[PDB]
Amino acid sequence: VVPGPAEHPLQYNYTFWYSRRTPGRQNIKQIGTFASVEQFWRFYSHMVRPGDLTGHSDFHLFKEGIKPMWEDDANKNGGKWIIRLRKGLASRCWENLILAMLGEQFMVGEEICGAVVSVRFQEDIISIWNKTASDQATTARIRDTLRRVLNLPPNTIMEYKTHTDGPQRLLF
């Protein structure tokens, strides 16, 4: 997969993934891979927006060759920033985030791994994954960039989690 004749190349190839699982629990598949801006729109403009997905569902957009699981070599020493959103906000947030990621707005060298939008029962969750959780200059820069590129509600909690780090929870 290479950019075509007069397309606009990207800094990396990326791969779209989709998953549907159950809470409390191979269920993750590749949708397609792109090498240019025009090719990205060719996938993305024909995809269901995360705000119209049903179930316990996620879209993942990752650098080609990185699997959206933490055990992956590029992910095992990393972490993610997490933003929890009310229903109605995820689709616009996901678009602004993937356009920022693709256009190289983060400026953190090779640290970015990919992004996930997670549809849950009563909230959506957007995350961005990076290589090195202990790299405070990188995670600080990622946090600030998210604030520059997303229109978030005031009061919005952002939270970093390293991957290695009453009744049962039934709905989510």
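For the two forms, the rigid core is made up of the largest set of C-alpha atoms that agree within 1.5 Å on superposition. Residue positions are given as counts along the sequence shown, with the first one as 1.
With each structure aligned by its rigid core, the stretch whose Cα atoms sit farther from this model in 6 other deposited structures of this protein, between 132-140 and 46-54, is 46-54. In terms of root mean square C-alpha deviation after superposing on the rigid core in 6 other deposited structures of this protein, the stretch standing farther out between 7-15 and 147-155 is 147-155. In at least one third of the other compared structures of this protein with flanking residues present, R25 is left unmodelled. According to the entry, the stretch of the deposited sequence that connects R25 to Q26 contains 4 to 9 residues lacking coordinates, which leaves a gap of moderate length in the model. When the mean C-alpha temperature factors of 136-144 and 52-60 are read from the deposited coordinates, 52-60 comes out higher. Just going by the entry, 66-74 versus 126-134 on mean CA temperature factor gives the higher value to 66-74.
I157 sits in the highest third of its chain by CA B factor, as recorded in the PDB entry. Sorting the modelled residues of the chain by their CA temperature factor places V37 in the middle third. Among the modelled residues of its chain, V116 has a C-alpha B-factor that falls in the lowest third according to the deposited record. When the modelled residues of the chain are ordered by C-alpha B-factor, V108 sits in the lowest third.
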